[PDB]
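Let me begin by presenting the structure, written as structure tokens, before commenting on it.
Naming: A, B, ... by sequence-line order, numbering from 1 per chain. For ligands, and for the atoms within them, numbers begin at 1 and follow the listed sequence.
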Amino acid sequence: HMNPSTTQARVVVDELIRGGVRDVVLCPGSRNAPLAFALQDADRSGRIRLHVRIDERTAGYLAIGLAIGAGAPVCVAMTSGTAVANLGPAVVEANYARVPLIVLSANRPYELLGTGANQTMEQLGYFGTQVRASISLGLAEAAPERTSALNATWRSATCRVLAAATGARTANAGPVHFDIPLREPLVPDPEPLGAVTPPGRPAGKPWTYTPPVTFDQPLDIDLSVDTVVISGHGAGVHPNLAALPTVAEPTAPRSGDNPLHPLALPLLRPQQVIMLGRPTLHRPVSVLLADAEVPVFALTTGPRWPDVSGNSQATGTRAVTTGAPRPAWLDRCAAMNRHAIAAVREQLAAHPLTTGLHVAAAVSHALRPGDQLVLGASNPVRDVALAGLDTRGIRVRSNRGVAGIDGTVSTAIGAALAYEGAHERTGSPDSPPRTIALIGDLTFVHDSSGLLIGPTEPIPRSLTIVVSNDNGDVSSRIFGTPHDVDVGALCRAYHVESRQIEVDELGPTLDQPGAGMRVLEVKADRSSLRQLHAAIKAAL
Amino acid sequence: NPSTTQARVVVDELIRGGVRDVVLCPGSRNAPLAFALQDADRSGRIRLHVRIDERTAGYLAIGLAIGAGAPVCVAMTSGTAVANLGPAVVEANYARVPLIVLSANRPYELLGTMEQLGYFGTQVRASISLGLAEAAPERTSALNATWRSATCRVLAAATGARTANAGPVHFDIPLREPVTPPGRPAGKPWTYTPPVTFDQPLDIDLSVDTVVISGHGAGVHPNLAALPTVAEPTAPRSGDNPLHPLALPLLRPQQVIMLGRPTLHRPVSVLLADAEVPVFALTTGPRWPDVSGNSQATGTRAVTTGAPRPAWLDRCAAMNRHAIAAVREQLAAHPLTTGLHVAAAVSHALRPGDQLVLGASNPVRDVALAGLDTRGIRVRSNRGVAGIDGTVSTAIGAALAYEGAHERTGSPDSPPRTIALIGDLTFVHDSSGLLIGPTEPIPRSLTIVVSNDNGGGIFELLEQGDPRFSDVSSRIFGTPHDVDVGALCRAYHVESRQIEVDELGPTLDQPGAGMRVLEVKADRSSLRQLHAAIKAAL
Amino acid sequence: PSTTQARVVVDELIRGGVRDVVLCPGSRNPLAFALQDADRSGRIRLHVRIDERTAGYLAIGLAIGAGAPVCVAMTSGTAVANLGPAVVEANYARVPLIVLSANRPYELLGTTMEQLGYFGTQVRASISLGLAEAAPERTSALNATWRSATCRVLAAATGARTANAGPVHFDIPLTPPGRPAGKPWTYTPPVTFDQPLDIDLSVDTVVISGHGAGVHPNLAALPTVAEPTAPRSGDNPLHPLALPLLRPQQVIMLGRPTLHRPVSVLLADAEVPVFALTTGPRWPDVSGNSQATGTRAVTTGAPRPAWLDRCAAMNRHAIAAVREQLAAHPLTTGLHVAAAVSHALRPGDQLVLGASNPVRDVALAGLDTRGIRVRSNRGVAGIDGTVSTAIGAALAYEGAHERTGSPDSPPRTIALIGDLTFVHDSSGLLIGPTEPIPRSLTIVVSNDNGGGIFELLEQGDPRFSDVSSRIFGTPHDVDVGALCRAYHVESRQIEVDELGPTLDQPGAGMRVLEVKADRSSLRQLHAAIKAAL
Ligand SMILES: Cc1ncc(C[n+]2csc(CCOP(=O)(O)OP(=O)(O)O)c2C)c(N)n1
Ligand SMILES: Cc1ncc(C[n+]2csc(CCOP(=O)(O)OP(=O)(O)O)c2C)c(N)n1
Ligand SMILES: O=C(O)c1cc(O)c2ccccc2c1O
Ligand SMILES: O=C(O)c1cc(O)c2ccccc2c1O
Ligand SMILES: [Cl-]
Ligand SMILES: [Cl-]
Ligand SMILES: [Cl-]
Ligand SMILES: [Cl-]
Ligand SMILES: [Mg+2]
Ligand SMILES: [Mg+2]
């Protein structure tokens with residue numbers, strides 16, 4: 001009846017859907033045709049949304065966007081060869097950002113490794129320690145009597161792939177390499193003489209159910225000691241710490257309503273630091289975490305705990321708090337937070353030229369509750385932190401794992417599609433929410449291929465990309481001249497609407513109703529930034 | 001600083017070892033041998049190429065190595081460099097390309113930049129770490145010897161000087177966070193390793209009806225020059241008796257001599273798997289291919305007795321004329337331009353001495369179906385893993401190294417031409433390879449011909465191209481993109497022109513800017529029927 | 001500079017719970033001197049061996065004896081290869097093993113550190129300290145960097161944050177105080193790993209508990225087939241031979257089962273839901289039949305009286321069939337020796353079981369694990385290193401009893417192993433005069449002169465009788481008594497009826513009791529028990 005490659009591909013796709021996979025990114029190939037056929041039919045029946053891309057490296061960052069936008073595991077299926085190697089960059093990012101990314105690689109049978117067979121390499125284990133698991137399905141046997149047993153083993157392995165990627169039993173979500181060797185026949189047989197897919201558990205249940213896991217590690221912390229909370233990427237929400245002064249990275253969730261501008265920390269003298277997540281962005285933050293006199297308590301949601309400090313007195317998951325912060329200490333930190341905010345506000349106005357900070361400040365004001373903000377992990381994240389954005393009621397995403405230039409555009413597109421997707425299922429007939437991306441010009445040009453979306457492929461409903469164009473070791477001689485790439489020409493090539501506006505119009509133009517996907521380019525300056533940052537520092 | 005001394009010794013020995021080009025990317029950490037390479041660039045001892053995209057940088061290095069046969073260095077500088085260099089390193093492994101990867105590790109920092117993947121173990125020929133530099137005026141003669149000896153190991157491993165198996169090498173130079181000692185006289189390398197002769201004679205009787213199938217990495221065998229030879233475009237031709245690939249299924253060879261690693265044509269793979277046909281594998285290195293475990297014997301050269309029967313050579317020649325006529329006649333009888341028409345136009349426009357860079361998918365297959373005469377012509381293609389990524393940067397590096405070899409011959413004639421034939425998906429995959437800063441070296445005679453059928457044409461010719469999949473194959477296989485290629489080249493400031501297949505000939509004869517892209521629109525909705533008409537007219 | 005780094009690291013390892021360290025004489029290795037100072041000062045115990053393989057398995061025993069992390073110090077360019085087996089066992093049995101290495105960063109590399117592939121697949125973490133400097137202006141900062149990293153090593157080995165103990169590779173490439181009151185530099189409270197599973201005990205349920213299983217009070221009433229190394233939670237045991245006689249409709253699987261074919265068949269039956277309750281993040285599956293994973297059970301309902309009565313009946317029939325067929329058998333088999341050891345055990349004893357038949361035979365003899373501590377290398381079920389495992393297990397066990405100030409002599413550690421197992425790791429008996437030696441260790445060897453377990457497998461079928469003596473039985477004809485005397489260890493040959501009384505007498509700290517056994521009748525015995533059911 002049904003050939004083994006088709007049966008295996010349909011069973012795997014079926015178990016992945018039951019595991020919560022709503023979006024799959026597919027790259028074209030011949031060896032992965034079984035997976036391609038099963039995925040396309042699951043897209044026809046509405047069980048998943050399929051995204052086709054041509055460039056596997058940007059496809060991996062699209063899949064990362066599809067996962068951080070709503071929280072679901074996301075699969076990316078590709079053929080054998082360098083197609084798997086091109087997933088390298090996205091796997092590394094997903095490792096340090098803890099993104100549940102499933103690399104579903106088709107492969108030749110392993111017996112062909114070493115024979116010179118076309119388009120065949122050492123795929124299994126290619127990703128080394130960067131993945132949470134390298135799992136290989138077997139080669140499918142042509143034995144309809146073993147069909148019952150193979151369905152159980154295939155579905156149980158797919159569940160193991162899903163459990164490791166989502167961190168269902170480790171609290172350490174990350175990328176997983178799921179390698180599937182496939183042999184001919186690679187296409188489905190004539191459907192008149194066809195079969196039905198071996199069934200899973202009744203009522204759409206996963207083959208192996210993993211109920212919610214709890215990882216608890218309580219820590220004693222006395223709050224009467226003058227305490228500042230520094231929250232970075234992957235930080236959890238802690239209600240018992242919402243009163244304390246908090247220096248929060250843009251991608252960190254806010255526990256309370258007592259902010260502290262990063263520029264204010266070096267001008268204060270905390271006696272005790274509570275570190276939430278993986279702080280990385282601010283240098284004065286990094287300075288304070290080096291100082292050995294100030295005790296540091298680390299609180300993480302997963303088992304990995306950051307090494308950005310040397311005087312880590314203790315690491316846990318939550319705090320059992322004793323006491324309450326001194327009101328004089330609270331008055332001091334709030335006083336200095338207002339002083340830092342005003343210093344940034346005055347020097348921005350006192351500056352003649354539009355810099356990247358002005359663009360970042362303009363986007364911050366235009367934000368509204370419910371919006372999603374995607375930030376290039378270079379300057380845009382630091383700039384929005386200097387402009388003191390209030391991340392309450394907005395979801396802020398950024399590839400803070402390795403903070404690479406790769407794939408920023410694709411991540412924005414993916415996060416938008418995932419966000420607007422979860423808005424449909426909540427039943428609201430209201431319009432889809434907004435996703436605004438702020439990225440530099442060198443990052444936009446570098447991942448301009450990420451703008452490519454085939455005519456038949458899903459397109460974000462309300463994504464606006466704001467490109468702050470500052471036109472910019474012997475390896476730094478390429479930065480000595482402007483790359484001179486017309487942002488509008490790239491957008492025309494990839495059939496994307498573009499507009500070159502000014503920072504004054506940034507607000508009103510961002511409020512124009514949803515026009516699908518669009519790119520807004522703001523011209524900015526880089527020559528005067530050294531004076532602006534020196535002006536702000538002197539104003540403090 | 002004893003480290004800047006180390007860096008100057010290594011760069012000198014690498015130049016003595018034949019390295020004429022190095023590729024750099026800006027990174028968070030300082031580049032390995034960053035400043036020493038810069039002095040070597042201004043001195044004219046070496047040519048530096050800088051790129052932003054580390055993936056396109058790896059493939060540019062491959063192009064710089066295969067265009068002239070020299071070893072090439074790429075200097076990793078960031079924490080994403082290992083991941084992005086993966087594709088090029090894998091291709092360098094399977095295509096046997098001398099690729100040196102320079103990295104600088106920090107021994108005073110806690111471990112537990114570089115992001116370690118698992119491929120370095122399986123792909124590289126050697127992993128050599130220099131060692132930390134320490135000041136010692138009484139050991140300058142000794143540290144000069146250790147550094148240059150290890151540098152000679154790195155080059156010998158990468159070029160296959162002692163193994164006959166070129167490939168990528170990982171060279172690590174540890175650094176401590178912040179004149180040149182001499183080498184051998186006359187510019188000679190520190191440790192002279194004479195290239196080795198790797199010899200495996202094999203007895204083959206040529207009176208048995210024999211066909212030769214030469215693939216990637218095949219050698220030149222003068223004693224086999226008379227036999228009917230089905231040769232891939234990248235294989236150097238050794239005779240004047242070509243056998244069209246479509247004529248192979250109309251014959252019954254009793255013996256097959258397989259040169260190098262064949263990767264094209266399903267009739268070839270069916271023949272090589274036939275257990276009733278002895279297959280003899282002749283390779284230039286230690287690796288050897290088998291299709292279905294049907295390689296009877298391995299070697300490097302044939303010790304031949306006998307000669308092909310004149311009746312056998314006549315049958316092969318008759319079947320060859322039928323195949324050539326069928327392709328020419330059916331192409332003329334087809335209204336729409338396909339990628340196969342473009343391949344025949346590019347093939348008829350080449351001249352002796354030109355370089356041809358062929359992308360994967362149909363272009364490299366279509367050129368073979370067009371009967372391209374590869375003699376006097378240098379043909380390149382990344383057949384190691386047959387990826388469609390990095391083919392634009394590979395052509396650019398191939399043009400740059402090929403032109404530099406013509407400059408060093410001192411001929412006043414214009415630089416030789418490099419013509420690249422790639423699909424549209426291939427072009428879209430690595431369009432970023434066109435972004436070259438005005439400071440960097442740019443080719444002077446590179447023409448990229450893009451055969452644009454708005455998607456993946458080869459899938460029309462495979463099993464998923466069957467009409468019973470017509471309703472499902474468009475999205476997941478054809479994958480149209482609707483990209484404006486001229487607008488892309490415009491954005492990157494590359495001369496671009498859309499032309500018809502009839503104007504393709506004369507357009508390549510006229511020179512132009514040192515780099516330009518010629519886009520020919522094509523159709524893939526008639527591809528499967530054009531190929532069926534060719535098979536039936538055989 | 002390196003002497004200070006080595007002495008800082010040793011202090012944090014002692015503050016982290018390390019009480020024993022194994023090392024081997026090697027071509028080099030500072031850490032040796034620092035470890036030496038702590039040994040004379042009494043802060044750790046040092047154990048030296050010549051055989052690096054046996055050194056790795058000694059450290060495993062030192063870990064599972066009391067539950068502490070243990071360090072082993074490689075010193076040559078053969079230690080990685082020789083420590084391989086012990087690292088693999090530590091990985092699969094979740095044993096806190098710290099492997100200490102020393103790289104040379106000022107030397108040409110790649111043209112005492114032999115790299116194999118197992119480190120990247122077996123260890124929980126790989127942490128290299130980094131080269132030391134000389135500026136005493138940052139000695140306070142270097143102190144924190146070393147003690148923090150050492151705390152990372154200990155946390156990965158003991159599973160402090162991941163609940164998955166295992167081996168760790170620590171590279172120290174070639175006195176600033178710690179936190180006051182001897183606490184570790186970075187405190188990490190042990191983590192609680194929780195997954196509640198809804199299970200209806202009203203369905204006819206059996207509990208199968210294997211290696212690494214936890215203790216479950218709300219499952220104490222259910223019939224329980226428990227492997228020897230499993231800790232028992234209730235008092236309704238179900239003899240393993242009774243399982244094929246019953247027809248359960250639901251299975252709760254604790255830990256990682258590895259024994260008894262009937263169990264493997266039951267766990268694979270697609271008509272029976274299996275629930276895997278584990279103590280860590282890994283979970284086992286036989287044929288993809290595990291339908292849910294968890295760490296504890298939220299139980300509704302109660303077991304039917306009809307189901308419990310049926311289970312108690314077949315249990316009784318099985319214990320009686322084994323106790324009776326063992327009496328009718330004239331020759332002494334390894335199954336008689338397992339029953340003799342089990343009935344000679346008192347509460348508070350430690351029992352070390354080798355693989356092959358000894359671990360299975362003790363289960364067939366129905367030993368009551370309550371009050372006693374069973375140890376076995378069930379991670380990969382190998383016959384190597386079992387002797388050194390029992391020596392280290394004895395040492396750490398008596399060490400925990402010495403530190404409680406009890407006046408009574410050390411508690412008993414009895415090891416039941418086979419002959420092939422004894423020969424495989426006979427070198428582990430070679431212990432120098434200055435090295436620590438157990439004071440209450442008895443190694444009972446059931447010597448049937450070959451592999452008895454093979455007579456019970458398909459190769460033991462009589463149609464292979466003429467072709468299976470060489471390649472499965474493997475007779476050795478080794479004089480165990482002469483071997484023990486050569487290594488200066490007490491040895492005595494006794495009969496099964498003499499095993500109990502001799503075990504009750506305390507003798508030299510290490511004694512090897514060898515009982516002659518037969519395997520030619522093993523397949524016939526087991527066929528007799530099956531027919532008696
Ligand atoms: C990196 C990579 N990803 C995917 C593939 C699978 N693949 C093989 S041929 C092909 C289509 C290429 O299309 P195009 O370059 O337009 O060529 P055409 O066959 O249409 O001439 C694809 C995606 C590959 N070979 N390499
Ligand atoms: C290192 C290792 N090699 C081989 C095996 C395979 N094996 C399993 S049981 C066994 C026989 C051991 O015989 P013995 O220790 O005398 O025990 P018996 O079954 O006779 O009681 C062997 C070789 C193993 N488990 N470990
Ligand atoms: O001859 C060659 O060039 C060549 C190159 C390769 O990368 C091979 C890989 C596997 C098996 C055979 C191979 C081979 O024969
Ligand atoms: O529970 C345990 O102790 C345990 C231990 C292991 O080493 C495992 C290995 C693979 C699969 C499951 C495992 C498991 O459940
Ligand atoms: Cl950016
Ligand atoms: Cl014929
Ligand atoms: Cl190809
Ligand atoms: Cl066993
Ligand atoms: Mg195409
Ligand atoms: Mg035995």
Side-chain angles (χ1 to χ4, degrees), chain A residues 29-31 79-82 118-120, chain B residues 215-216 232-234 262-266 358-368 381-388 391 422-423 425-426 456-459 461-462, chain C residues 53 57 84-86 88-89 210-211 227-229 257-261 333-338 353-364 376-387 415-426 444-457 459-460 471-476 478 480 514-515 517-520 522:
Chain A
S30 206
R31 187 49 56 140
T79 189
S80 56
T82 49
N118 186 59
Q119 201 192 303
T120 297
Chain B
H216 201 61
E232 282 178 19
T234 52
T263 57
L264 290 173
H265 314 304
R266 333 209 47 190
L358 294 177
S361 212
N362 268 336
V364 70
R365 285 166 183 72
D366 289 347
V367 156
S381 182
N382 292 347
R383 305 299 315 149
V385 208
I388 69 160
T391 309
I422 68 173
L425 292 204
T426 296
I458 193 151
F459 297 125
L461 312 167
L462 299 163
Chain C
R53 200 188 40 177
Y57 277 111
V88 175
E89 172 63 37
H211 205 54
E227 279 184 19
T229 56
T258 36
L259 300 165
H260 315 319
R261 265 213 207 283
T333 91
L335 182 32
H336 296 93
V337 189
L353 283 177
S356 66
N357 269 339
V359 53
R360 282 160 179 86
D361 291 334
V362 156
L364 297 186
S376 201
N377 283 345
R378 301 304 309 153
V380 283
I383 68 166
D384 47 323
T386 306
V387 167
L416 171 58
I417 62 168
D419 43 301
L420 298 197
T421 295
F422 177 84
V423 169
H424 212 289
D425 198 35
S426 59
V444 169
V445 182
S446 171
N447 185 358
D448 49 22
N449 199 42
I453 189 137
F454 288 122
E455 316 253 3
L456 314 188
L457 312 179
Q459 34 258 46
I471 70 195
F472 295 119
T474 72
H476 46 93
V478 152
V480 174
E514 156 193 32
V515 159
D518 172 84
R519 48 203 195 74
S520 70
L522 255 205

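Distance remark: protein heavy atom present below 4.0 angstrom from atom 2 (C) of ligand 2.
Within the structure, the closest approach of C:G450 to ligand 2 falls below 4.0 Å when heavy atoms are considered. Residue contacts with ligand 2 do not include C:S446, since none of its heavy atoms lies under 4.0 Å from the ligand.
Of the candidates C:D425, C:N357, C:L420, C:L420 brings a heavy atom nearest to atom 11 (C) of ligand 2. Residue C:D419 holds the heavy atom nearest to atom 16 (O) of ligand 2 of all those in C:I417, C:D419, C:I383. The closest non-hydrogen atom to atom 12 (C) of ligand 2, taken over C:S356, C:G452, C:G334, C:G385, comes from C:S356. Among C:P358, C:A381, C:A517, C:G354, the residue whose heavy atom lies closest to atom 21 (O) of ligand 2 is C:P358.
You'll find the side chain of C:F454 stays beyond 4.5 Å of the side chain of C:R519, heavy atoms only.
By the 3.5 Å distance cut-off applied to N or O atoms, C:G382 is not counted among the residues near ligand 2. At a 3.5 angstrom cut-off on N or O pairs, C:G451 does not count as close to ligand 2.
Among the candidates C:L335, C:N357, C:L416, C:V337, the single residue satisfying the side chain to side chain contact (heavy atoms under 4.5 Å, CB included) test with C:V362 is C:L416. A side chain to side chain contact (heavy atoms under 4.5 Å, CB included) with C:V359 is found for one member of C:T258, C:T229, C:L259 and no other, namely C:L259.
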Report task. Could you walk me through whether B:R365 and B:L461 pass side-chain contact (heavy atoms from CB on, under 4.5 Å), step by step? Result -> CA-CA 12 Å; B:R365 285 166 183 72; B:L461 312 167; over 6 Å; no
Query - Residue pair C:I417, C:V445: steps toward the side-chain contact (heavy atoms from CB on, under 4.5 Å) verdict - result: CA-CA 5 Å; C:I417 62 168; C:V445 182; 4.1 Å; yes
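Here the closest non-hydrogen pair linking B:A386 and B:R383 is CB-NH1, 3.5 Å. When every heavy atom of B:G423 is checked against every heavy atom of B:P363, the shortest pair comes out as N-CG, 3.8 Å.
Atoms of ligand 2 found under 4.0 Å from any heavy atom of C:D448 (numbered from 1 in listed order, with element): 20 (O). Set against the non-hydrogen atoms of C:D384, the atoms of ligand 2 under 4.0 Å away are 1 (C). Close contacts of ligand 2 with C:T421, meaning ligand atoms under 4.0 Å from a residue heavy atom, involve 15 (O). Residue contact check: C:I453 has heavy atoms under 4.0 Å from atoms 9 (S), 19 (O) of ligand 2.
No side-chain donor-acceptor contact under 3.5 Å links A:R31 and A:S80.
Judged by distance alone, the side chain of C:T421 and the main-chain N or O of C:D419 form no donor-acceptor pair under 3.5 Å.
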